[PDB]
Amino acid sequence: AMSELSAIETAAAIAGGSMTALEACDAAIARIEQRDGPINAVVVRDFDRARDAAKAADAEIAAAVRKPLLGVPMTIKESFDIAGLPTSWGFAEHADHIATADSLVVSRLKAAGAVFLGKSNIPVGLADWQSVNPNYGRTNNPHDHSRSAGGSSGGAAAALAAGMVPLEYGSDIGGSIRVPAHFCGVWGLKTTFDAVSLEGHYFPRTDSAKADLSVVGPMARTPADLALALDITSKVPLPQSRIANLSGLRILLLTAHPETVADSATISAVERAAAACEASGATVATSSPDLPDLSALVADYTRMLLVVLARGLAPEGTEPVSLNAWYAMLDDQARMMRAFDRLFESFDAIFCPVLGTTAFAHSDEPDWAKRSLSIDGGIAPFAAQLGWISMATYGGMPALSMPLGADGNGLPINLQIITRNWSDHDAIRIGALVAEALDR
């Protein structure tokens, strides 16, 4: 009913003359000041300098200059660097750390003409499926202010779902792009590993970006905005999709995991997307002899994630992992990556839940081991849900989180579409085709 312009639609209106870049900037500033009160998503604001960049974009528009995102207002996850703006990752010690240079993703998007109004909220250390920190506060889900907006790119997904900005960009090392888009019912693409540069996504007061597991990708409300943002930010132009329809598509449907569980409403929602593809000409399978050991994957992924997040350091007394043992873990990862290369020889995509349930209620327990989730009235471990996102992060494959529907309480349910490595554009295309199939 209530609808906002997409990133491509905004650029088309500015290039045509329906509106100016300053009008689009001021319209988004209005939506932020009007709607971010109960949501607390756009926690870093640079509206004055954003209006100056929109006035410069209209000068280029008047100089007949045309760029794919010229004048389009947007925000980015607070973990990305913007010159003049702070980068804190939620740490109070790092709230006065002001970046001196823009991040690569910001440079790429600015070079396409985008205007950055500010940065979206995050949890402390980007280490939660929530968005809460002592510098900015807590971000609330626009669909139910009592539930989490997700994390670590929760402020990004909440700003999108509330219609404040049409485009965003987040990071993902343990679902931190797919889970926020799942909780807020927006579009988020976990990209292929090493496909987009993490330069500028630095830990505060360093130049260190994660060299393992972590990926940065676009977040939006339309698959076309995701595809344009991917082409603007990738290290090289990635292969465009040649999938024209769902006929002939090979889909592996997974509604269960050896180490975690999913809602009945979640299972029926993912099963409904697969059925919409079968009626559109696709073939869907529920088992494969080439599906890797997901129980070993999640175990090997968790052991690597904790080492990457700890920078190889160990608790006092505990012996650290050796460099030789780390090299052995990378060979274990590459062994799993090829196991998925063989799986993706018989299947075009994996359809599975993003997470086992919808957005959970706000939690003040920092320890994931002291948390639990309600799966159809039952008590389930919280951290075990990392298995739903382990395949794409540990295998490196692109994974799309796209809106599928909502549960009985109105909380969005998203679908995870996993395709083979470097087929990010196929994950976007299959997702757009799933949306068409579900709207018929």
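The numbering used is simple: start at 1 and walk along the sequence shown.
Student: Mean C-alpha B-factor higher for 224-232, or for 281-289?
Tutor: Mean C-alpha B-factor is greater for 281-289.
Student: Would you mind comparing 201-209 and 309-317 for me and telling me which has the higher average C-alpha temperature factor in the entry?
Tutor: For C-alpha atoms only, the mean B-factor is higher in 309-317.
Student: For the listed residues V43, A64, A399, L69, which one has the largest C-alpha B-factor as given in the deposited model?
Tutor: If I rank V43, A64, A399, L69 by C-alpha B-factor, first place goes to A64.
Student: By the recorded C-alpha temperature factor, relative to the other modelled residues in its chain, which third is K119 in?
Tutor: For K119, whose C-alpha B-factor we compare with every modelled residue in the chain, the answer is the lowest third.
Student: Is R371 in the lowest, middle or highest third of its chain when residues are ranked by C-alpha B-factor?
Tutor: Answer is highest: the recorded C-alpha B-factor places it there.
Student: Ranking every modelled residue in this chain by its Cα temperature factor as given in the entry, which third contains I417?
Tutor: Tercile = lowest for this residue's CA B-factor.
Student: Going by the CA temperature factor in the PDB record, which third of the chain does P73 belong to: lowest, middle or highest?
Tutor: Middle third by C-alpha B-factor.
Student: Among all modelled residues of this chain, ranked by Cα B factor, put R31 in the bottom, middle or top third, i.e. lowest, middle or highest.
Tutor: As the PDB entry reports it, the C-alpha B-factor of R31 lands in the middle third of its chain.
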